[PDB]
């Protein structure tokens, strides 16, 4: 998954049919409850797996601050993982001990075991609980960017940035349980592999071209090099800081030539491209601020509305704000948080 992707998390509380909530949510990404303690298994596991595309599974912790117990709970969990996925989650939100350090050590042990098994460990919880019962800084010390934090705000079923939990290392955000658990991804999955580069970059007085291994070079095409997409013009130079329309869609090649993904600053204006590099039009929220973006006839427009109090204010060409809010009721657009 990548920044701003969504996923649902379920347990027996969701039943043997989760096709409905996956449709409402508009994704098949799930994290499914496998187990709890050393003796309980979610009986809906196989149906839920079957109806979705899991990116992880989770375990509901009951070990408190007892390390030996955490070990046994991890093994029971691991022994019941039905398929390989990137992540396995430690759901730590109940039965903490009085000793906050014992709690931390037991969490670290659970997590260390998931790693040793060849998965990425995640610590899941909510802020006030985490603050009272562990040293999360010690978790992040061993497992950077491994947190999945819950913080619902008004819990009205949408992601509302005002209530974003502030903690270091948050990878994913459970932003609501109304009417089922909803999550948004804050960080791209890690890709700790040496990128390829099937050739060598050359710079001449006109620009950058790519000499492939075989001596030829890309021209009039997209080509992925070192994991990154570039577009090369008819003369073999990669485009830089330029718009490109390809098959009806709009792409933006950054100053280093890489196809923009996500929010990208073009001069002084913000544009949002999806995971594929294709510009998204209409209303898109960027944390607290709203942008209405269009590209009719190749005329690229980014209407920015800056938040202030309960209102949002249009920003003119001269970077000037109106005295009064342009709107107080948010449009129903795409919410991004990064």
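Numbering follows the first chain given and starts at 1.
According to the PDB record, 313 to 321 carries the higher mean C-alpha B-factor of the two stretches 313 to 321 and 15 to 23. Comparing the deposited coordinates for 151 to 159 and 185 to 193, the stretch with the larger average C-alpha B-factor is 185 to 193.
Based on the entry's C-alpha B-factors, the most elevated value among 302, 30, 35, 308 belongs to 308. Across 282, 43, 56, 65, the greatest Cα temperature factor reported in the deposited entry is at 65. Sorting the modelled residues of the chain by their CA temperature factor places residue 173 in the lowest third. Per the deposited record, the Cα B-factor of residue 180 falls in the lowest third when ranked against the other modelled residues of its chain. Split the chain's modelled residues into thirds by C-alpha temperature factor. Residue 217 is in the lowest one. Ranked by Cα temperature factor within the chain, residue 164 sits in the highest third according to the deposited record. When the modelled residues of the chain are ordered by their C-alpha B factor, residue 127 lands in the highest third.
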